[PDB]
Amino acid sequence: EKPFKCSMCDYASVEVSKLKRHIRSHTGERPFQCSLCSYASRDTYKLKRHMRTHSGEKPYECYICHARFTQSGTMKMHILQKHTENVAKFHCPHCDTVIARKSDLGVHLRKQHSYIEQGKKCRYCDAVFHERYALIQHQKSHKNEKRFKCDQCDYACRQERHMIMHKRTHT
DNA sequence: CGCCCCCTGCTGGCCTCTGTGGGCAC
DNA sequence: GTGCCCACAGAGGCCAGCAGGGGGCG
Ligand SMILES: [Zn+2]
Ligand SMILES: [Zn+2]
Ligand SMILES: [Zn+2]
Ligand SMILES: [Zn+2]
Ligand SMILES: [Zn+2]
Ligand SMILES: [Zn+2]
Ligand SMILES: [Zn+2]
């Protein structure tokens, strides 16, 4: 198994150097200071990855369109979202919107489905909401009131006689 | 050990669509 | 009096940038 177990959490690794990193995450030690700005890193490669920002080095080139990127994960996501079909996307568990990247789903969850302690009143009635999505859905539902729907086309109407005359435009 | 990769997660400008209110016609 | 036309402010996913842990391997 993993003999080098951590004392402050439930982490364990088969290498003592890996436990040195994890224990360094608890203490917050940063034994690698950047010689340019005030940034300090816990790992060696993280500092070298930071030096790309000062030197402008972009060692990852999309083999399709030949754009360059600083980190490899950036290039992978680029290729996945720009040059690839049938990519699995994320569905929000609270609404129907589909979001491509996982981090953008988290931004959606915090902006649309977080509880707002200070309620906001609907701009059309006295209804008050503590969630942005419920508030927006309610205000958009005010447009549906006193509006006759559409069977085939996308035409909306407010008068029963005008919609009954619009139905005759199909026959 | 360090190097390179992976996934993660937040950031802020960008791209692109929405709806909405004022203006003119049976 | 209602039913379109169009500018325009807002909105939100899209996107590259940037560090955060963590494993395989020379
Ligand atoms: Zn720990
Ligand atoms: Zn620096
Ligand atoms: Zn590309
Ligand atoms: Zn949602
Ligand atoms: Zn919170
Ligand atoms: Zn309302
Ligand atoms: Zn119709």
Side-chain angles (χ1 to χ4, degrees), chain A residues 1 4 6 8-9 11-13 15-22 24 26-34 37-62 65-84 87-92 94-95 97-114 123-124 132-133 135-142 144 146 148 150 153 155-157 159 163 166:
Chain A
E1 213 184 5
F4 311 101
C6 181
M8 322 192 75
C9 68
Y11 174 82
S13 178
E15 298 185 2
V16 60
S17 57
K18 302 298 174 56
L19 180 56
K20 278 287 186 176
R21 293 193 309 177
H22 176 72
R24 200 179 299 109
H26 286 286
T27 63
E29 181 184 15
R30 301 178 177 272
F32 306 95
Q33 170 67 30
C34 174
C37 65
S38 58
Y39 169 73
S41 166
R42 299 183 174 93
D43 191 8
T44 71
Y45 182 80
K46 298 289 177 296
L47 177 58
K48 180 181 181 179
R49 194 175 68 179
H50 168 72
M51 292 306 300
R52 299 165 184 165
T53 63
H54 300 294
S55 65
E57 182 183 0
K58 302 180 173 185
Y60 307 100
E61 188 184 299
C62 173
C65 76
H66 306 286
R68 300 219 177 103
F69 311 86
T70 65
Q71 300 180 356
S72 59
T74 303
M75 181 188 60
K76 182 175 182 177
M77 180 67 65
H78 164 82
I79 295 174
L80 193 68
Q81 303 295 333
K82 292 288 192 57
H83 307 304
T84 312
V87 177
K89 299 181 177 181
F90 296 83
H91 297 66
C92 176
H94 303 104
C95 64
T97 58
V98 187
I99 301 167
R101 296 158 191 75
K102 182 187 177 180
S103 74
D104 283 349
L105 171 63
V107 176
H108 169 93
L109 290 172
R110 291 188 299 271
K111 183 64 174 185
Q112 305 300 131
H113 303 295
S114 62
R123 56 172 297 181
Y124 303 140
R132 176 177 183 84
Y133 173 77
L135 169 65
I136 297 300
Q137 289 295 288
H138 174 87
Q139 295 187 160
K140 290 181 174 179
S141 62
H142 278 290
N144 298 14
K146 300 187 185 65
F148 294 91
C150 48
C153 56
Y155 168 82
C157 176
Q159 309 296 335
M163 171 55 66
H166 179 81

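Convention: sequence-line order gives letters A, B, ...; per-chain numbering from 1.
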Going by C1'-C2'-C3'-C4', which side is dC8(C) on: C3'-endo/north or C2'-endo/south? south

Could you tell me whether the phosphate oxygens of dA11(C), OP1 or OP2, come under 4.0 Å of any side-chain nitrogen or oxygen in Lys111(A)? no

Compare side-chain N and O positions of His22(A) against OP1 and OP2 of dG22(C) and report whether any pair is under 4.0 Å apart. yes

Starting at CD1 of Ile99(A) and ending at P of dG12(C), how long is that distance when rounded to a whole Å? 11 Å

Mind calculating the distance between NE2 (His108(A)) and P (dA11(C)) to the nearest angstrom? 15 Å

Reckon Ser103(A) touches a base, only the sugar-phosphate, or nothing at all at heavy-atom distances under 4.0 Å? base

Please check the phosphate of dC3(B) (OP1 and OP2 only) for any side-chain N or O of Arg49(A) closer than 4.0 Å. no

Distance in Å, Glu15(A) CD paired with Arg21(A) CZ, rounded so as to fall on 0.5 Å steps: 9.0 Å

Report the pucker family of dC6(B) (north if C1'-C2'-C3'-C4' is positive, south if negative). north

Within this structure, what is the NZ-to-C1' distance between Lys46(A) and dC1(B), rounded to whole angstrom? 15 Å

Pair of N/O donor and acceptor under 3.5 Å linking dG24(C) base with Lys18(A) side chain: yes

Can you check whether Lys102(A) has a side-chain N or O nearer than 4.0 Å to OP1 or OP2 of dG9(B)? yes

State whether the distance check finds a donor on one side and an acceptor on the other, under 3.5 Å, for side chain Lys58(A) versus base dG17(C). no

Gap separating the CD atom of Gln112(A) from the SG atom of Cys92(A), nearest 0.5 angstrom: 8.5 Å

From the candidates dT20(B), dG21(C), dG2(B), the one with an atom nearest any side-chain atom of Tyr124(A) is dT20(B)

Can you check the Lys82(A) NZ to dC14(C) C1' distance for me, whole Å? 9 Å

Salt bridge (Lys or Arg N to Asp or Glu O under 4.0 Å), that's the test. Do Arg52(A) and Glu57(A) meet it? Break it down for me. CA-CA 5 Å; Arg52(A) 299 165 184 165; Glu57(A) 182 183 0; 5.4 Å; no

From OH of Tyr45(A) over to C1' of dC1(B), roughly how many Å is that when rounded to an integer? 17 Å

Is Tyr39(A) close enough to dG20(C) that one of its side-chain N or O atoms is under 4.0 Å from OP1 or OP2 there? yes

Nearest whole angstrom, please: distance from the P of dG19(B) to the CZ of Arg123(A). 12 Å

Would you give the length of the straight line joining atom CZ of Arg24(A) to atom CZ of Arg42(A), rounded to the nearest 0.5 angstrom? 9.0 Å

Less than 4.0 angstrom between a side-chain N/O of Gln71(A) and OP1 or OP2 of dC18(C), yes or no? no

Output the single nucleotide from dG22(C), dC15(C), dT2(C) whose closest atom is nearest the side chain of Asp104(A). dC15(C)

So, does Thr44(A) get its side chain near the phosphate of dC3(B), meaning an N or O under 4.0 Å from OP1 or OP2? yes

Below 4.0 angstrom from OP1 or OP2 of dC10(B), is there any side-chain N or O of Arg110(A)? yes

Side chains of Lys48(A) and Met51(A): does their closest heavy-atom pair fall under 4.5 Å? no

Sub-6.0 Å ring centroid separation between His78(A) and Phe69(A): yes

Would you say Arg101(A) reaches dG13(C)'s phosphate, i.e. side-chain N/O to OP1/OP2 under 4.0 Å? no

With respect to the side chain of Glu15(A), which nucleotide from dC14(C), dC1(B), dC4(C) is positioned closest? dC1(B)

Judged by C1'-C2'-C3'-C4' (positive north, negative south), is the sugar of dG9(B) north or south? south

Counting only side-chain N and O atoms of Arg52(A), is one of them less than 4.0 Å from OP1 or OP2 of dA16(C)? no

Just how far, in rounded Å, is P of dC18(C) from CE of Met77(A)? 17 Å

Is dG20(C) a north or a south sugar when classified by the sign of torsion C1'-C2'-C3'-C4'? north

Just to confirm, is there a sub-4.0 Å distance from OP1 or OP2 of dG23(C) to any side-chain nitrogen or oxygen of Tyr11(A)? yes

Closest approach to the side chain of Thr53(A), judged atom by atom: which nucleotide of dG12(C), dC18(C), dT2(C) is it? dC18(C)

Whole Å only: how far is the CD atom of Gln81(A) from the P atom of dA16(C)? 9 Å

Below 4.0 angstrom from OP1 or OP2 of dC6(B), is there any side-chain N or O of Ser72(A)? yes

Mind telling me the pucker class of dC5(B), north or south, from the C1'-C2'-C3'-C4' torsion? north

Under a 4.5 Å cut-off applied to non-hydrogen side-chain atoms, are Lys18(A) and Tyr11(A) in contact? yes

